[PDB]
Amino acid sequence: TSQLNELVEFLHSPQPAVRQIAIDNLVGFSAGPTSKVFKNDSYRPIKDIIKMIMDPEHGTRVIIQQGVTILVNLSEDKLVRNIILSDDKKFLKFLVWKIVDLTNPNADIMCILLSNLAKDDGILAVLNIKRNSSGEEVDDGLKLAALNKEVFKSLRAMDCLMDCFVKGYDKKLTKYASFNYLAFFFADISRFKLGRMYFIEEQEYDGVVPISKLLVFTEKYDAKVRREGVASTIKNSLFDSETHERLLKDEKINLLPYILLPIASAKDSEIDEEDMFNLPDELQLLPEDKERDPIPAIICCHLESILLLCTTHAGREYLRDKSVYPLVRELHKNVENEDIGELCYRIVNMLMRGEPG
Ligand SMILES: [Cl-]
């Protein structure tokens, strides 16, 4: 196929029917070598597609679906992501409020787009996106749908996205979405200092430290995406060792048990009675079928978190008192994976150390 260049220009035709036909024929070419065409004329096609998606009148279910599909494919390019975020600031606002709209059938692929955009630090703007009110509202030419007041108590976008992920798993808020890929969004945004601070500080709308609301999903073994993203979010949240003592000893957060459960097993582990007594309550009287997370990369991520918590003496004391060493030892014994093994002994190397001077 030759002259795609002519076809892509019809994306900014004044006639809706033309735009409709153009994007319908272009979505197929957004994957693979032919995707180069969308970067023609300083990424004009991408700007046009964004304009099409946000159109309150002509932005149909299909056009949004096809438009977002294209962007998802093209968002692999750093330069494309830059256009999506900075060229027209309102799109990111449009995107996050559409995800929160529980009547939006394209919510999940929008979560995927959002998670891809989180690779760019421009994503940090999300932390500042807020509404004047719930209920229908106009904002910089955007028609924001009314918030469901029963489930969304905040006017801040980040809080609402958190609500979707925490309460919307297994289609519990919408028949259209489970918001799994918000886990990757959380993972990538928590890499940045300002993103990390959201997750480890108490928020106003519910009076809860956000990272605590994600911990339960470390054991959701029918949602690999959720486990992966949450694991990385926990790890990123522990970047500053000066915050470790507070986070570990906050009983409302109860952080440690949800890092340890994925590496704990009922069948394999040999742990003394005295050591078992010191485990967190959640780790005792495990069910007989309790097994470790089978995916090594997830386990290693949990071990990286434990290793981070070994940075301070107070941290190491806390981990030792909770029988983290026996747990790590048995993991080392029973899971023959060199990456896991290496991390296990790095943790022991730290827990072997006494107090500095
Ligand atoms: Cl999954």
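Sort through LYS235, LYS252 and tell me the only one that's of a type in the set (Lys, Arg), away from the ligand (no atom under 16 Å from the Cβ) and either crowded, with 21+ Cβ neighbours inside 10 Å or assigned to a helix (DSSP H, G or I) (or both). Spell out how you get there, then give the answer.
Numbers: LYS252 fails: either crowded, with 21+ Cβ neighbours inside 10 Å or assigned to a helix (DSSP H, G or I) (or both).
Of the residues listed, the single one that is of a type in the set (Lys, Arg), away from the ligand (no atom under 16 Å from the Cβ) and either crowded, with 21+ Cβ neighbours inside 10 Å or assigned to a helix (DSSP H, G or I) (or both) is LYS235.
Got at least one residue in the range 266-278 being within 29 Å of the chain's Cα centre (by Cα) and either buried (at least 16 other Cβ atoms within 10 Å of the Cβ) or under 22 Å from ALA223 (Cβ atoms) (or both)? Can you show your working first?
Within the range 266-278, the first condition is being within 29 Å of the chain's Cα centre (by Cα), and the residues that meet it are none.
No, because not a single residue in the range 266-278 is within 29 Å of the chain's Cα centre (by Cα) and either buried (at least 16 other Cβ atoms within 10 Å of the Cβ) or under 22 Å from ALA223 (Cβ atoms) (or both).
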Within the range 31-48, how many residues turn out to be of a type in the set (D, E, K, R) and farther than 20 Å from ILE64 by Cα? 2
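I'd like the residue in the range 29-67 that is part of a helix (DSSP H, G or I) and acidic (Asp, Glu) and, out of all such residues, is nearest to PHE10 (Cα to Cα).
Filtering the range 29-67 for residues that are part of a helix (DSSP H, G or I) and acidic (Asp, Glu), the one nearest to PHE10 (Cα to Cα) comes out as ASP48.
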All positions within the range 302-329 that are of a type in the set (D, E, K, R), more than 28 Å from the chain's Cα centre (by Cα) and within 13 Å of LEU343 (Cα to Cα): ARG329
So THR34 ticks every box in (1) surrounded by fewer than 22 Cβ atoms within 10 Å (Cβ to Cβ); (2) under 26 Å from the mean Cα position of the chain (by Cα) but one. Which box is left unticked? (2)
Looking at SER232, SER241, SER212 in this structure, which one is touching a residue at least 12 places away in the same chain (Cβ under 8 Å) and in contact with a helix residue (DSSP H, G or I) (Cβ under 6 Å, 6 or more places away or on another chain)? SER232
Selected residue (criterion: nearest to the ligand (Cβ to nearest atom)) from residues of the range 178-227 that are over 26 Å from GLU291 (Cα atoms) and among the charged types (D, E, K, R): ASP188
Of the criteria (1) within 16 Å of the ligand (Cβ to nearest atom); (2) over 18 Å from the mean Cα position of the chain (by Cα); (3) among the charged types (D, E, K, R), which one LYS130 fails: (1)
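Cβ: placed from backbone, ideal geometry, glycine included. Neighbour counts: every protein chain shown. Just so you know, all these numbers are worked out from the coordinates, no wet-lab data involved.
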